Every structure is written in C-alpha cells, then in structure tokens.
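Colleague: Shown below is the structure under consideration.
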Amino acid sequence: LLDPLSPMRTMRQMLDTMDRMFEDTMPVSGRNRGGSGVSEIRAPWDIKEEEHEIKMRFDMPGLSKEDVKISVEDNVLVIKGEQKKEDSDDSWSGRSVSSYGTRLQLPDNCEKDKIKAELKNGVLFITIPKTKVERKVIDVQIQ
Amino acid sequence: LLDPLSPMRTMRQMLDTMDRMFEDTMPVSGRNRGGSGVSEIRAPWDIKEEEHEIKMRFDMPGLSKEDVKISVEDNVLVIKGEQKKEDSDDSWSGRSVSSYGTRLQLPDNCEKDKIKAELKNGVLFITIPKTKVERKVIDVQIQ
Amino acid sequence: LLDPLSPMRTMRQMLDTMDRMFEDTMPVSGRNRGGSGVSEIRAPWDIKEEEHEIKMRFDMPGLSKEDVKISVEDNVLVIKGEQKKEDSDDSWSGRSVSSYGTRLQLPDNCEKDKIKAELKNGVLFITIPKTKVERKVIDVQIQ
Amino acid sequence: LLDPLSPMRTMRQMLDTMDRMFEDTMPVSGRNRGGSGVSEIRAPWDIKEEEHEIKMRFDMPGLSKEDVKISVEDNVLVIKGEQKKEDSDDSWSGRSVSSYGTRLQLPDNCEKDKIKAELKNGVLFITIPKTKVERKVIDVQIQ
Amino acid sequence: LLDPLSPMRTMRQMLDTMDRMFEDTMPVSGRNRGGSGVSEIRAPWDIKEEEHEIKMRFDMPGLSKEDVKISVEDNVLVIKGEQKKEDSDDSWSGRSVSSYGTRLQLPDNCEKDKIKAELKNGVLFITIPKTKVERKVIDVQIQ
Amino acid sequence: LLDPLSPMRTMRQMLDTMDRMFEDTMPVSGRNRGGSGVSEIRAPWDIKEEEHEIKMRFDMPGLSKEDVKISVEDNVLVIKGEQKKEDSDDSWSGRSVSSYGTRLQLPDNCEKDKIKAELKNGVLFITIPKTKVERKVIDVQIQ
Amino acid sequence: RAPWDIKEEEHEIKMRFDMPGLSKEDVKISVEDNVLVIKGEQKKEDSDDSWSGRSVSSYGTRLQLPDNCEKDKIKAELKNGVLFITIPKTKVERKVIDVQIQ
Amino acid sequence: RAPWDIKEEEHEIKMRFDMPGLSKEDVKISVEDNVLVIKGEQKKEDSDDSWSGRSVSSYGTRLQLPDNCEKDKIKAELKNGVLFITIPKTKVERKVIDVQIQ
Amino acid sequence: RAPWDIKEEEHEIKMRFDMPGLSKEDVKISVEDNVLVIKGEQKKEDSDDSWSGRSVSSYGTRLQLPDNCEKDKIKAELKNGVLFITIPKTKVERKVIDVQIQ
Amino acid sequence: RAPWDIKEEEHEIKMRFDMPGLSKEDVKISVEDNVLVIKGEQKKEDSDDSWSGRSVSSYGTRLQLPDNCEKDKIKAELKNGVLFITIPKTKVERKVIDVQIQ
Amino acid sequence: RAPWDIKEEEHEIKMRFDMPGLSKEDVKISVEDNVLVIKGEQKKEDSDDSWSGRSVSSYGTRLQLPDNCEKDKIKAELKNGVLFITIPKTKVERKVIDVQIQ
Amino acid sequence: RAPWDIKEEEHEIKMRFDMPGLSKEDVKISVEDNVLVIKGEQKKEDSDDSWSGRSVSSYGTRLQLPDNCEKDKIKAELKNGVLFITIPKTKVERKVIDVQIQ
C-alpha cells in the first residue's frame with residue numbers, strides 16, 4: 001500500500017532514505033519491485049484542501065470500465081484492472097498492457113458513497129472527499 | 001519437472017549447456033531458482049535395470065508421513081511436504097524446514113499400484129517398477 | 001558510414017535505441033568503436049534547405065590540405081587524413097593527431113563538381129548542393 | 001611469436017607473471033588475444049635431445065595439405081592455413097574452422113632442408129633437427 | 001595540506017586531473033580519504049585582494065573554543081578539534097562529531113600576530129592578512 | 001590476537017564462518033587485514049600433548065636476534081621484529097621485509113621462565129610448556 | 001514511446017505512439033525526405049488533472065519508409081492517448097508463420 | 001540531515017536538524033495531519049562569510065508521530081545551526097538496556 | 001551444518017548437527033580443553049540407498065563453552081540424521097522478549 | 001564438443017563430435033531408451049605425438065531423438081578426429097529459407 | 001585540454017591549449033601569484049559554421065611555475081585553434097635520454 | 001618467489017629465491033641453452049618443526065641471460081632460506097641515477 005507517511009520513501013523526514021535503509025540494500029537483490037506491473041498505470045496523487053478528491057489519475061489508454069475496478073478495502077483505495085486480450089485481427093493500438101493492482105493508504109477512512117470515479121480520454125480520475133478540519137495551526141518562532 | 005533427457009542440463013549431449021544457453025544467461029537475472037525450497041530435500045535418482053525402483057531418496061529428517069506426500073500426476077512423480085511448525089516448547093532439533101515440491105519425469109508411465117514409498121531414518125525411498133526390455137542393443141564399429 | 005536515417009541511433013524514431021539494441025549490448029563487449037580515431041576530427045552536419053552545403057565542419061588544427069582528402073565514393077562523402085609526423089625539432093603544437101577516415105551517407109547522390117571544400121583556421125568546410133524540391137508537404141489533423 | 005624464453009609467460013622464471021605484468025593488466029582490456037583464431041589449431045611443442053624434431057603437432061581435422069602451409073621466415077617457424085569453405089551440399093563434418101597463423105621462435109636457426117612436415121589423421125607434425133651440443137653441464141653444490 | 005596550486009586537483013591547469021592521475025586510480029583502492037574526519041568540518045577558503053583574511057569558515061556547531069585550535073606550523077594553517085564527548089544526560093544535539101585536523105598551505109608565510117580567529121554561531125572564521133602587491137599585471141594579446 | 005577458539009575462523013564449530021559473518025561482509029570493504037605485514041613472517045602453531053612447546057615456527061630469513069623479540073604480555077605470546085634496513089652496498093639478499101607484530105592467545109597462562117625461543121636457519125622456534133592434565137575424557141555413545 | 005509492427009497489408013511503420021494528454025491539433029504526421037515524421041508538443045490541462053510519468057515538451061520521430069511504400073495511402077488515427085500510423089505496403093505479403101494450430 | 005532518537009521521557013522525533021545559517025524566523029515547526037513538519041528556507045549572509053557544503057534552498061521534513069503523542073507539549077530549540085525537536089511520550093518508558101556496568 | 005541456539009535453561013551450544021547417514025557409534029561428543037567437540041566419520045550404506053548433497057568424510061566441530069557451564073550435565077541425542085547437544089547454564093536465565101502478545 | 005545440425009533429409013542429431021586421437025574401436029554409437037548415445041575412451045599414442053588441448057578420459061553423450069525418428073537407419077562415420085552421426089527423419093522436410101538469391 | 005611538455009630550453013608549461021574558435025582578443029595569458037594563467041571566453045561565429053565537440057563558455061587554467069622560471073621571457077602564440085605557451089628555464093638542461101640510435 | 005635486480009657489476013639475474021627448508025644438495029643452479037636454471041625439490045624435516053606458507057614439491061626457474069653475459073663467472077650462494085645468483089656483466093655499467101643527494 002503506498003503510504004506517503006511511511007518512513008521508507010525519501011522526503012525530508014526522520015527516516016531519511018539515504019540512511020541505513022538505502023545504504024543497507026542499495027542493490028535490489030531479492031524480491032521483485034512489481035515496477036513492471038505498475039508501469040501499466042502510472043498514477044499520481046494530489047491532496048487538495050477540500051478533498052483528497054483524489055487527484056489520482058491513472059493512465060489507462062484504451063481501457064474499458066469493465067476491465068478496471070475501483071474498490072475500497074480496509075478503507076484503503078484499490079486500483080486494478082488489465083486491458084483486454086488481443087482479438088484475431090485486433091488493432092493492438094499498443095504495447096503490452098496487463099495485470100496490475102495498486103493500493104494507496106488514505107490518511108482517513110473514506111465515505112465509500114462520497115468517492116466518484118470517472119474514466120475519460122484513457123484517464124481514470126478518482127475523487128475522495130475528506131472531512132473539514134482547521135488543520136493544526138502552525139506556530140511560528142522568532143530568532 | 002526434472003527431466004534427465006532435457007537439453008538444459010549438462011551431460012555429454014547435443015545441447016551442451018556451455019553453448020548458447022549457458023553463455024546467454026550466465027547470470028541468473030530474472031526468475032528465482034526455487035533452490036531454497038529444494039534445499040529442504042535433496043534427492044537423487046538412480047535407475048537400476050529391474051526398476052526405476054527409484055533410487056530416489058530424499059533427506060527429510062524429523063518428518064512425519066502425514067507431512068510428506070508421494071503422488072503421481074500426468075504419470076510424473078511428485079514429492080512434496082513440509083516439516084510441522086514449531087510447538088510452544090518444541091525442541092527445534094533443526095534449521096528451518098518448509099514448503100517444497102519436486103517433480104521428476106519418468107521415462108515411462110508408471111503403474112501407480114507398483115510404486116512403493118517408505119520413510120525410515122529421516123529418509124524417504126520411492127520404488128518405481130519398470131517394464132522389461134532387451135534395451136536397444138548397442139552395435140560396435142571397428143577402426 | 002554515418003547515416004542519420006539509420007535505425008541504430010536514438011532520435012525519436014521507430015527503432016528507439018533504448019529497445020532491444022541498447023538493452024541487448026549495453027556493454028561495448030566486442031569490436032572497438034573507432035571513437036579514438038574519430039576524436040581526431042569531430043565533425044557535425046547541418047542540412048540547410050538550399051543545400052546539404054554540408055554544414056560539415058571538421059576541426060583539423062594545424063593540418064595541411066595535402067594531409068586531408070575529401071572524396072566521394074558510391075556517391076557517399078569521405079573525410080580522411082592525418083597530421084604530419086613530428087620533425088626533429090618540431091614544435092608539436094599538439095596532442096597526438098593521427099589516421100582517421102569518416103564517411104557520411106548523403107540522402108541523395110551528389111554532383112561531384114558542385115561540392116566545394118575549403119580549409120581555413122584549422123577548419124574544413126565541405127558544401128554539398130542538393131536539388132530543389134517542394135518537400136513533401138505535411139498535412140495537419142484536427143482534434 | 002611464441003617464445004618459451006620470453007619473460008611474459010609463467011614458468012618458474014625471473015619475470016614471474018604474477019608480478020607487475022599480471023597484477024597491472026589482470027583484465028584483458030584492450031587488444032584481442034587472437035585466442036579465437038588459435039583455437040582453430042591447438043599445437044604443443046616438445047623438445048627432444050636429438051631434435052626440436054618439433055614435437056609440434058597441430059590438430060587440423062579434415063584439412064588438406066593445400067590449405068595448410070609450413071614456412072620458415074626470419075628462421076622462425078610459421079604454421080598457417082584454413083579449412084576450405086562450405087560446398088553447396090557439404091557435409092560440414094564440423095564447427096567453424098577458419099583463418100589462423102601461429103609462429104614459434106626456435107632457439108636456433110633451422111636448416112630448412114632438414115625440417116620435415118607430415119599431415120596424417122588430421123594431425124600435422126613438423127620435425128626440426130638441431131645441432132649436437134654437450135649442453136652446458138650443470139655443476140652441483142653441497143649443503 | 002590542501003594546496004590550491006597542487007597539480008592533483010582539477011581546475012583548468014596543466015596537470016588536468018582527467019589525465020594519467022584520474023584514469024590510473026579511478027577506484028580509491030588503497031589508503032582512506034580522511035573524508036569521514038573532514039566531514040566533521042567542511043571549510044571553504046576565499047582570497048580577497050586585501051587578505052587571505054581567510055575567508056575560511058568552518059562549520060563547528062556546538063563547539064567550544066577549548067575544543068578547537070587554530071595553529072600555524074611551517075607557516076601553514078592548521079584547524080583541529082573535536083566536540084566534547086557525551087555527558088550522562090547530554091542533550092546530544094547532534095550526529096557524531098569527532099577528531100579532525102585540516103591544513104591549508106598559504107601562498108605566503110603569514111604573520112602569526114596578524115591572523116584573527118573568531119568563533120560565533122557555530123562558525124569559525126580565520127583571517128590571514130597578506131602583503132600588498134601590484135599583482136603581476138596581465139598583458140593582453142590581439143587577434 | 002589469533003585465538004583458535006574464536007568464533008570468527010572456520011573450523012567445524014558453532015559460529016560456522018559461512019553463516020552471517022562471512023555472508024554479511026564477503027567483501028573486505030573497510031579496515032585493512034595487516035595481511036601485508038604478517039606476510040613478512042608466516043607462522044604456524046602446533047600443540048603437542050606435553051606442550052604448546054609451541055610448535056610456532058616463524059620464517060625470518062636473514063634476521064638477527066636483535067631485530068626479533070619474543071614477549072609475553074597479558075600472558076599472551078607476542079612475536080615482532082623487522083629485518084634491518086639496507087646498508088649502502090647491502091646485498092639485499094631479499095624482497096622487502098619490514099615491521100610486523102603477531103600475537104597468539106595461549107589457552108593457559110604460560111610460565112615465562114619455561115618458554116624457550118631459538119633462532120636458527122632463518123627460523124624462529126618458540127616452546128611453551130603447559131601443565132599436565134588428564135584431558136577431559138571423551139565418553140562414547142552407541143547406535 | 002513507439003512500437004514497430006508488421007501486418008500483411010501494411011507496416012512500414014505500423015506504429016504507435018504513447019501521446020497521452022495530446023490533442024490531434026498538437027500532433028503532426030508527415031513524410032519528409034520520404035521518411036515518416038511524427039511531431040508535436042505537449043500542452044497543459046486542468047489543475048484537477050494528474051499525471052505520473054514523464055514531463056511535457058516537444059517531441060519528434062523519424063522513420064525510414066521502404067522506397068516502395070504507399071506514401072499517399074498513409075493514415076493516422078489518434079484515440080485515448082495513442083497515435084496509430086499505418087503505411088500500406090506496395091504488395092500485401094504476410095510473414096508466413098507455420099505454428100501448430102488447428 | 002536529521003537523526004531520530006529515543007529518550008525515556010520522549011521521542012517521537014527526538015530529532016535534530018543540521019540547519020546552519022538559518023534564522024529561527026526562517027524555520028517553522030508544526031504538526032499537520034498529526035505529522036511533525038519542519039520547514040524553512042535558507043537565505044544569504046555576509047560576503048565575509050564562507051560555507052563549504054550543500055547550497056541554499058527551501059527544505060521541508062515530515063515525521064509520523066505516534067497517534068498517542070503529546071502534540072501540545074512539542075518543543076523546539078535552535079542553537080548553533082541545529083534544531084532540536086522534542087515530542088513527549090504519553091508515558092515515559094525508557095528502553096531497558098542490561099549492559100554490564102557498575 | 002550446525003545452528004547455535006539459546007534456551008532459558010541452556011545453551012552454550014544448544015546445538016544441532018545435520019549428521020544424516022551417521023550411526024551414534026560413528027559420533028563422538030566431548031568437551032576437550034573445556035571446549036565442546038563433535039566429531040565422527042561418515043561410512044557407507046546399502047547400494048539400494050541414495051543421497052544428494054555433500055559426500056562422506058570425517059568431520060569435527062569445536063565450540064567455546066562459557067567457563068561457568070555445566071560440562072558434567074551436557075547431554076547429546078541423535079534422531080533422524082540430527083544430533084542435538086544441550087549444555088546446561090549455571091543459572092537458567094531466559095532472554096526476556098517484550099513482544100505484544102496476549 | 002558436439003554440434004546439432006538440421007538437414008532436410010535428416011537431423012535428429014545431425015551431430016558431430018570432436019573425437020581427435022580416437023580409434024573407431026574405442027567409440028560406441030547407440031540408441032538406449034530411444035536416446036542417442038555416443039561414448040568411448042581416449043587411449044595413449046606414440047610419444048613422438050603431441051596434443052594441446054584437453055586431456056584423456058572416458059566421454060559419453062546423450063541425445064533426445066524424436067519419437068518418430070528412424071532409429072534403424074542411424075549411421076555413424078568417423079574421419080580425421082570427428083564423428084558424424086546422421087538420424088533420418090520420418091519425412092524429409094527442409095526448413096524453408098526465403099533469402100534473396102538468384 | 002592542455003598538455004605539459006618539456007624542452008631543454010624550456011618548459012615550465014611548454015603548454016598547449018585546444019582553443020578552437022577563439023580569437024587572440026578573447027584569450028589572456030598571464031602569470032598571477034607567480035602561477036601561469038590562461039583564460040578567455042568562447043564567442044559565436046557564422047551560422048554557416050559547424051562544431052562537434054564541447055560547447056562554449058569561459059575557461060581559465062592555472063599552472064605552477066618553478067620559482068626560478070623566467071616569468072619575463074614567457075611567450076604565447078596562437079595558430080589554428082591552439083595556444084602554445086613557452087616558459088624559459090633559468091638553465092637549459094635537456095633530460096638526457098640514452099636510446100640506441102646511430 | 002624470485003626478484004630480478006641490477007647492480008653495476010652484475011645482473012643478468014641478480015636473483016634471489018625464497019628457498020626456505022632447502023639444503024644446497026637439493027638445489028641446482030645451471031645455465032642450459034644459455035638460460036639460467038634454478039631447480040630443486042623440497043624434502044621433509046623434524047616433526048618438531050613448523051611451516052606456514054606453501055607446501056613442498058619440486059620447483060624449477062628459467063631466466064634469459066644476455067647473450068654477452070659471463071656464464072663462466074656465475075656464482076650462487078645459499079644462506080638462511082635464500083638463494084642468491086649473480087651473473088657478471090661483460091662491462092660494469094651502473095644505471096646512472098641523478099637524485100638530489102649531498
């Protein structure tokens with residue numbers, strides 16, 4: 001499950017990937033990435049103030065809504081699908097698309113009724129409405 | 001399925017592993033061996049004239065006959081099993097044993113009734129009786 | 001023969017170097033580049049509309065016109081030469097210059113009389129006049 | 001020219017390959033071996049007391065005496081040849097044989113009339129008769 | 001001793017690091033850098049016209065003037081020190097600081113009385129006053 | 001201090017080098033061996049029943065007893081020394097000998113008076129007398 | 001990214017492109033110097049819209065046609081972030097493949 | 001650069017930062033989405049002043065607090081080019097370490 | 001091959017060995033120089049019987065006991081191709097492990 | 001060393017071997033378990049005679065015949081340090097190769 | 001790029017530079033701090049003119065003279081895209097080379 | 001192991017060997033084919049005696065003399081596990097070395 005909070009990624013954070021985790025296993029010796037299957041669909045995520053109206057696009061060119069699914073399980077988002085197989089005289093109109101599933105941990109449990117998904121122009125969008133918060137106001141210090 | 005006829009192994013044969021197959025992929029970049037799971041049980045195979053009274057031993061120290069299975073599927077031998085998990089105060093009396101399945105292609109379809117398997121001293125034996133043949137007599141040439 | 005049409009180079013093209021050709025032989029294990037001998041003379045090529053008035057410069061500092069040759073063979077351009085050897089008290093005025101030959105496939109057969117070559121300031125220029133064409137007009141599509 | 005005296009090879013000698021020469025260029029980065037072309041014909045050399053009646057065999061299976069040559073140039077032995085090309089329906093009877101030339105520095109100038117070469121059973125032999133010498137007698141020391 | 005004149009560093013200079021020195025030992029096989037100990041204190045150097053009023057800062061956050069030393073030996077600058085060890089309940093406030101010594105060759109012998117060192121905000125500064133010179137005027141050539 | 005009991009070496013033991021220690025740091029990235037300095041003097045150790053009459057030879061060809069020292073510190077053996085430097089017209093009679101110190105942990109504290117060291121033929125010997133013990137008798141099991 | 005395919009009817013470039021976020025206005029197909037050319041530029045879209053992958057720029061691909069290709073009968077289609085170019089061969093000739101299929 | 005430490009009283013982020021050349025004005029500490037945030041920008045200083053190391057930019061660090069951390073009792077101190085953040089634990093619990101010391 | 005384990009009651013060498021095809025006659029356990037020793041030799045068996053793995057030879061393992069181990073209370077068991085050695089500690093002390101389990 | 005070749009008439013193993021210094025007595029060709037077998041041993045020769053390359057031993061090669069090969073019509077020839085084995089196919093079928101040749 | 005050479009008469013920097021496309025106006029030779037300096041900038045030229053190689057920028061080289069070099073007798077020549085600097089030695093001393101030549 | 005040295009008086013092989021545990025009986029020095037040869041065999045010694053390093057075997061080294069070396073004036077000495085061979089040059093010629101020494 002992608003989790004943006006998770007210590008494993010580099011941001012400016014505590015973990016700092018460059019530390020023990022990146023230095024320890026700089027080679028990817030062992031389990032595969034699944035980077036082949038997620039190359040099928042690159043997806044971002046933006047958080048707006050009103051929503052994780054998930055600015056989660058995914059690029060599935062030539063995909064039909066029967067072949068994709070948006071689910072929530074454990075209150076976590078799931079994206080999965082696969083382009084149809086080739087017909088006898090299929091115009092590929094592509095490189096190999098297949099089998100992928102991606103999961104993103106939302107910061108809060110979503111209302112499943114509030115989430116909208118649309119597919120247009122080969123692009124899924126998924127909207128997650130979030131609750132209104134002041135956000136924890138950030139106090140300032142002086143030098 | 002281990003197959004001793006198969007071109008992939010080195011013997012003196014046609015394939016000769018050292019050729020294109022070994023030179024092409026000298027690194028094991030890609031799929032795993034399953035060499036971890038087969039390390040659980042190293043097994044030989046000898047062929048006697050009377051039988052592939054399979055001189056197929058397998059070393060499963062501390063294994064119970066409930067945990068192992070000998071099957072024939074597609075008329076091919078199958079060995080599989082796994083030592084039980086640890087009890088609360090289990091004397092390990094081991095390193096990690098787990099999950100393995102090995103398959104050997106027999107040169108002929110076996111009579112399933114004729115095969116005997118025994119487990120003793122931590123050793124499976126499996127006997128496959130074969131049919132009587134003259135064998136193709138080998139003609140000699142002179143210099 | 002450098003050929004800008006050739007599938008081996010990366011441009012945006014069909015071949016796409018990053019595919020099978022670059023992935024297959026990412027190491028240069030085998031034949032040498034000749035990149036040592038072409039380092040003698042780096043040469044570009046620009047195509048103007050009026051001509052492949054070959055905007056083919058070559059940098060041969062300290063070279064004499066006896067030492068360089070411009071030829072056309074098979075209607076293909078050839079550049080070759082080598083700076084003279086060292087005299088007893090030669091002021092090098094250089095690093096090692098030597099032995100090179102480069103060839104560029106022209107898109108059309110050149111008129112050998114029309115080509116001009118000049119050497120000035122350590123720079124060869126070679127001009128190839130081309131035939132007048134409308135060029136294949138590019139049709140536009142709408143979204 | 002193979003020279004058994006030459007410092008580059010390991011024997012017990014002064015050079016000792018393991019020193020600066022082997023440590024300096026342990027990788028073969030640079031010029032090719034010609035080890036591909038000499039694989040065509042592996043050849044030993046034995047020295048008998050009577051002669052470098054060169055116990056120089058070479059393995060050229062299927063070779064004709066037209067295709068091989070034994071020459072002496074600079075009073076050095078030369079072996080060269082290449083199996084004929086393929087006919088339309090040639091039974092190969094082989095792997096690729098081609099183009100090789102090997103040279104061995106004799107310890108003394110040979111009498112060209114005295115050298116015999118024979119080809120039989122796919123094997124060249126070359127005999128070099130040497131001059132009679134006492135050899136430098138080896139003095140013994142005591143402990 | 002860092003020496004900015006020294007042939008080992010890359011600038012535009014004669015040595016040119018990319019030559020024999022960098023190509024010969026591109027791997028750091030052998031002696032350690034001391035790059036671990038100098039990471040303690042990164043220090044620049046600027047030369048102003050009035051002085052090598054050494055625009056040599058060093059970052060020693062949390063350091064006391066007892067722990068650092070500025071010395072001149074052989075008329076060369078020396079920086080050295082180490083943050084104190086940990087107390088029982090020390091607020092770290094750090095990563096590991098320890099043991100370092102850096103030396104910079106001045107272009108001229110310094111007057112030891114003229115040099116000022118200050119520590120403020122975790123930053124050493126060291127000022128070296130230099131003698132007044134016209135500098136060797138640079139003559140211009142025309143094309 | 002070489003210690004034959006120490007888990008780091010391979011014998012048949014508990015540690016088993018091939019485990020975590022050898023697999024973890026199969027490359028020697030980090031501290032140097034001192035394998036250069038101990039190459040000066042290769043030394044074995046045999047234990048006889050009567051003594052670690054240390055069958056500790058060391059090969060110091062051309063060494064003088066002034067240049068070597070045998071010490072016991074912490075009741076541990078120490079070997080150290082270095083061949084003299086070169087005189088103006090020294091017959092080397094060698095490759096570079098220099099600076100080494102080796103230490104071996106004895107299984108028991110030695111009586112310093114009982115230890116003998118001799119140097120002859122370029123060979124140190126050191127004798128450590130040990131105390132008489134029955135040794136822990138080894139009980140036998142039956143199958 | 002662009003694959004090269006063969007059909008019996010046609011190749012040269014039986015090409016695709018992965019063009020996602022392009023308008024057909026922003027794309028040009030052409031044959032220049034008798035070579036296929038696909039070019040264009042990526043623009044911007046809605047700030048509501050996301051993309052993970054490569055950034056935006058101009059882009060411009062060049063393919064060697066057979067000298068005897070039907071340059072005139074070239075077609076290009078764009079759907080769902082892909083372009084497809086078809087160059088008709090002078091003669092339809094499938095590669096024969098003898099695979100065991102009933 | 002930022003280390004993670006544990007004390008008995010407190011962790012979450014018993015953090016430092018190496019902030020050299022920052023003013024406390026230029027720094028912000030915050031908890032947003034119940035995650036610690038440290039951000040700011042490096043400015044310029046005196047041309048008399050030197051720095052070897054990384055350059056200047058904005059910078060901005062994000063740390064997952066325990067859900068039961070005292071967000072209210074977070075403190076931050078800056079001295080000599082370091083920031084120290086302290087998040088009080090809900091219960092002081094030292095990691096016990098049984099090391100042979102008298 | 002031989003694992004090192006710890007129990008509360010005992011370690012030193014809470015050891016195994018993988019001894020397959022050994023008779024208990026062919027094995028010796030001992031403490032010499034106050035170090036554990038396991039040695040023996042592999043023999044031959046029935047030609048009906050197979051083994052894939054390492055070959056036969058002598059074998060002989062040496063383990064540093066704590067100076068305060070019960071050398072007297074050492075036990076060794078062999079079953080199904082393994083040896084187990086147990087050295088009683090002078091004091092039973094489990095390593096404490098604080099894992100969240102009910 | 002042994003190459004695998006195909007002819008129209010025959011393959012299975014349209015094999016060679018590099019057998020140099022073998023007598024046809026020392027060689028055996030056979031089909032056992034319907035698999036081709038080539039075995040033999042290298043002997044010694046004249047001390048006048050030289051060889052650079054691999055040493056002498058037994059040697060013994062095993063090739064999977066098509067189930068529908070003519071085992072009966074297998075032939076083997078030895079000349080000049082090579083063996084050639086021919087297995088007739090049940091049907092002569094050349095691989096077709098469409099190369100531009102006049 | 002710049003080679004270091006030695007002559008009997010002179011070195012220090014018996015230097016070249018590869019300066020192609022530079023005017024002698026754009027170049028400066030100097031000794032500053034008793035160190036040789038070669039600097040300048042590359043400009044633009046005719047659009048008719050081609051260059052393969054590195055791009056244009058400023059450039060600026062620094063060479064440690066012997067303390068006893070003739071700084072006064074330094075000469076610099078530019079021809080055909082190279083600079084040559086000559087620093088006269090205080091004493092002409094060829095490196096002797098004993099090579100077998102008649 | 002054997003170093004090559006040069007003196008003014010002599011080289012060819014101003015050689016050593018590391019011969020430890022050899023008797024001068026077991027060693028032969030010779031010139032054969034005008035090449036230096038050093039050979040011998042290592043034997044056994046006292047069981048009281050230890051050696052760490054390489055094992056025992058025959059050993060036998062071959063060095064190309066200058067054609068104009070004094071083969072007659074070759075000397076060999078063995079002391080403390082080393083052999084030293086000296087081949088007198090036809091003319092004493094030191095390599096000159098111009099190093100700054102008073």
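The chains in the structure tokens are called A, B, ... from first to last as shown; in each chain the residues are counted from 1, and the ligands are counted from 1 in the order shown.
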Please return, as a PyMOL selection string, all residues of chain B lying within 7 Å of chain J when only C-alpha atoms are considered.
Modeller: chain B and resi 5+11-14+135-136+138-143
Colleague: May I have the residues from that selection written out with C-alpha atoms, as a short mmCIF file (atom, residue, chain, number, x, y, z; two decimals), in the first residue's frame?
Modeller:
```
data_model
loop_
_atom_site.label_atom_id
_atom_site.label_comp_id
_atom_site.auth_asym_id
_atom_site.auth_seq_id
_atom_site.Cartn_x
_atom_site.Cartn_y
_atom_site.Cartn_z
CA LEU B 5 16.68 -36.16 -21.12
CA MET B 11 25.78 -34.03 -19.72
CA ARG B 12 27.64 -35.06 -22.74
CA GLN B 13 24.68 -34.27 -25.00
CA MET B 14 23.65 -32.23 -28.08
CA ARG B 135 17.23 -52.43 -24.29
CA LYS B 136 18.28 -51.34 -27.72
CA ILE B 138 24.40 -51.19 -28.99
CA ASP B 139 26.21 -52.11 -32.23
CA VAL B 140 30.01 -51.77 -32.30
CA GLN B 141 32.14 -50.24 -35.08
CA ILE B 142 35.81 -51.20 -35.94
CA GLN B 143 38.82 -48.77 -36.79
#
```
Colleague: What is the atom CA of residue A:36-atom CA of residue B:35 distance in Å, reported with one decimal?
Modeller: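 Value for the atom CA of residue A:36-atom CA of residue B:35 distance: 24.2 Å.
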Colleague: Neighbours of stretch 88-90 of chain B within 12 Å (only C-alpha atoms; same-chain residues fewer than 6 positions away dropped), as a PDB file with N, CA and C atoms, in the first residue's frame?
Modeller:
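So result_18.pdb came out as:
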```pdb
ATOM      1  N   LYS I   7      18.262 -21.486  24.902  1.00  0.00           N
ATOM      2  CA  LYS I   7      17.088 -21.586  25.768  1.00  0.00           C
ATOM      3  C   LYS I   7      17.337 -20.890  27.104  1.00  0.00           C
ATOM      4  N   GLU I   8      16.284 -20.645  27.866  1.00  0.00           N
ATOM      5  CA  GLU I   8      16.444 -20.210  29.249  1.00  0.00           C
ATOM      6  C   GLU I   8      17.273 -21.180  30.084  1.00  0.00           C
ATOM      7  N   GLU I   9      16.963 -22.481  30.023  1.00  0.00           N
ATOM      8  CA  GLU I   9      17.672 -23.489  30.811  1.00  0.00           C
ATOM      9  C   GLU I   9      19.108 -23.591  30.340  1.00  0.00           C
TER      10      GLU I   9
END
```
Colleague: In Å to one decimal, how far is atom CA of residue A:128 from atom CA of residue A:54?
Modeller: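 Calculated distance between atom CA of residue A:54 and atom CA of residue A:128 is 5.1 Å.
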Colleague: With chain I as the partner and 12 Å as the cut-off, tabulate the residues of chain H that qualify, each row holding the nearest pair of atoms and their distance in Å to one decimal, using only C-alpha atoms, sorted by chain and rising number, as CSV.
Modeller:
```
residue,atom,partner,partner_atom,distance
H:95,CA,I:98,CA,10.7
H:96,CA,I:98,CA,10.7
H:97,CA,I:96,CA,11.4
H:98,CA,I:96,CA,10.7
```
Colleague: Neighbours of residue E:71 within 9 Å (only C-alpha atoms; same-chain residues fewer than 3 positions away dropped), as a VMD selection string?
Modeller: chain E and resid 76 to 80 112
Colleague: Print the selection's residues with N, CA and C atoms to a file, as a compact mmCIF listing (two decimals), in the first residue's frame.
Modeller:
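For reference, result-v5.txt as written:
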```
# COMPACT_ATOMS: atom_id res chain seq x y z
N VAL E 76 52.12 27.24 7.69
CA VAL E 76 50.88 26.65 7.16
C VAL E 76 49.78 26.72 8.21
N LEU E 77 48.55 27.03 7.78
CA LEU E 77 47.40 26.98 8.67
C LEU E 77 47.06 25.55 9.08
N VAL E 78 46.62 25.41 10.33
CA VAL E 78 46.06 24.19 10.91
C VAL E 78 44.77 24.52 11.63
N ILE E 79 43.76 23.73 11.32
CA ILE E 79 42.49 23.66 12.02
C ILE E 79 42.36 22.27 12.61
N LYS E 80 41.97 22.17 13.87
CA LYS E 80 41.76 20.88 14.52
C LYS E 80 40.88 21.08 15.72
N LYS E 112 51.92 35.58 12.22
CA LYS E 112 51.05 34.94 13.24
C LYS E 112 50.29 35.94 14.12
```
